[PDB]
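Before any comments, here is the structure.
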Amino acid sequence: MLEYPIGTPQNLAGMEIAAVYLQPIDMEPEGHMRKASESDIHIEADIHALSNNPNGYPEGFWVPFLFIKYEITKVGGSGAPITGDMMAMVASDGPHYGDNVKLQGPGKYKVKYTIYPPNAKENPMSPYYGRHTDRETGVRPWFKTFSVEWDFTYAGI
Amino acid sequence: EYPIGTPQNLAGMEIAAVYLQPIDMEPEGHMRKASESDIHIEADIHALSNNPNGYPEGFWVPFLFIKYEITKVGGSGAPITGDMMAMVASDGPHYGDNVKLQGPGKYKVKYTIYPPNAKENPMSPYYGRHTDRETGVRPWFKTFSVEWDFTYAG
Ligand SMILES: [Cu+2]
Ligand SMILES: [Cu+2]
Ligand SMILES: [Mg+2]
Ligand SMILES: [Mg+2]
């Protein structure tokens, strides 16, 4: 697959957090994504387990059932961020968190993701994902909600 | 960890049925208490090579919904039924449930596997699939069932 990286990946709580973008996409179920024709990019959060992940994920595994909120701000622009929620989905290169986004033209942008664990109150998937807690097969508690930021230059794609 | 027959390959996925001792899970109150159960039943679903839904080989297939039916051979004939739940343990993510059985003997285990877009799947509103030429994948598989036989000895 072809993609454009946003800065350098960041490591927290036994996970690698990377930001990427590509052209707007089409998704099933329809009507969840902003129409490809009314967007500039498809923004994505690539979250994979590092070695010795404390929540039982083997290295390189996709970290599922997370909830991601983003804020995108143009440097030198209005000052008001472009906000939204990402959705979990699968593409030809595998599962990820993404959203179709309309930007404010070419320039430098600041990107911030707020990453919610499976048990967060804000996470709508919390009733559907468990975690073993017994000695034999149990794992460490979930990480706390955190935020991650990068800068990037958008030219149009 | 005890295997239930041999894994089966369908729709670019490997499906294995296993069991182990009953477990404890967060959030509490979803699993049947370990003290009131005999086994923790599990469905191990991983992508094969050339999986049609975009999963690289060996990846856990997420957002599925699994229903099981366990019947004792020679017993009442009425199956033990339930729903599995997606969860993570020390060996990774899987679908599982704490189950009370009907003593030692031979059992028939059937799993019904629902794709992310199935009406029966409560996670359907939360998982998408790219459909465009560049990044898209093939449609989801249709709901299917897999069966095995196994001897339980505690
Ligand atoms: Cu996407
Ligand atoms: Cu389990
Ligand atoms: Mg990717
Ligand atoms: Mg296991």
Side-chain angles (χ1 to χ4, degrees), chain A residues 1-4 18-30 32-34 36 39 41-47 55-58 61-62 65-66 68 70 84-101 118 128-134 136-139, chain B residues 1-4 7 14-28 30-34 37 39-46 53-54 60 63-64 66 68 82-99 116 126-132 134-137:
Chain A
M1 223 166 91
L2 296 172
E3 78 196 17
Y4 300 97
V20 304
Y21 73 98
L22 52 136
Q23 80 286 348
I25 59 88
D26 305 330
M27 198 201 71
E28 185 228 313
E30 269 278 326
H32 286 228
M33 288 290 100
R34 180 179 177 93
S39 307
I41 67 162
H42 187 65
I43 199 144
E44 161 185 341
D46 276 340
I47 306 158
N55 300 130
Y57 298 105
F61 260 48
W62 182 51
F65 292 93
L66 302 191
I68 324 300
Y70 63 86
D85 299 333
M86 291 198 186
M87 181 179 178
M89 60 188 84
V90 73
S92 59
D93 66 335
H96 65 277
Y97 302 99
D99 206 34
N100 279 3
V101 182
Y128 309 108
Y129 198 53
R131 171 179 81 81
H132 286 211
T133 64
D134 52 284
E136 308 95 321
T137 69
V139 297
Chain B
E1 206 178 83
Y2 297 84
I4 290 151
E14 178 189 292
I15 305 97
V18 304
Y19 72 98
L20 59 139
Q21 65 269 25
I23 59 87
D24 308 329
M25 199 201 72
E26 182 230 328
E28 270 277 325
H30 287 227
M31 287 291 99
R32 180 180 178 93
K33 289 202 150 290
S37 311
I39 67 161
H40 185 65
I41 199 143
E42 284 182 2
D44 277 338
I45 305 160
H46 295 88
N53 299 130
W60 181 52
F63 292 92
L64 301 190
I66 324 292
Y68 63 85
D83 298 335
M84 292 199 186
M85 182 179 180
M87 60 188 83
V88 73
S90 56
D91 65 337
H94 66 278
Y95 303 97
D97 205 34
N98 279 349
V99 181
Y126 309 108
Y127 198 52
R129 172 179 80 83
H130 287 214
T131 62
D132 53 283
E134 308 93 325
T135 70
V137 298

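All values below were derived from every heavy atom in this structure, side-chain atoms included, with hydrogens, water molecules and symmetry-related copies excluded. Chain letters run A, B, ... following the sequence lines, proteins first and then strands; every chain starts at 1. Whatever order the structure lists ligands and atoms in, that order sets their numbers, starting from 1.
The two atoms that bring B:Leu64 and B:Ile66 nearest to each other are CB-CD1, 4.1 Å, heavy atoms only. Smallest separation of non-hydrogen atoms from A:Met87 and B:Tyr126: CE-C, 3.8 Å. Contact between A:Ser92 and B:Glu134 at its shortest, heavy atoms only, is OG-O, 4.1 Å. Considering all non-hydrogen atoms of both residues, B:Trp60 and A:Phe65 come closest at CH2-CE1, 3.9 Å. When all heavy atoms of B:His94 and B:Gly92 are compared, the closest pair comes out as ND1-O, 3.4 Å. Between A:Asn100 and A:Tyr70 the shortest heavy-atom distance is O-OH, 4.4 Å.
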In residues 14-27 of chain B, what donor-acceptor pairs under 3.5 Å come from side-chain atoms, sequence neighbours left out?
residue : atom : partner  : partner atom : Å
B:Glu26 : OE1  : A:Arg131 : NE           : 2.7
B:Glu26 : OE1  : A:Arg131 : NH2          : 2.9
B:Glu26 : OE2  : A:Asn119 : ND2          : 3.3

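The atom name of the N/O/S atom in B:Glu42 closest to the Mg ion (ligand 4) is OE1. With respect to the Mg ion (ligand 4), B:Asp91 has OD2 as its nearest N, O or S atom. Of all N, O or S atoms in B:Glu1, the one lying closest to the Mg ion (ligand 4) is OE2.
Around the Cu ion (ligand 2), the protein contributes the following N, O or S atoms at distances under 2.8 Å: A:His132 NE2, B:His40 NE2, B:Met87 SD, B:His94 NE2.
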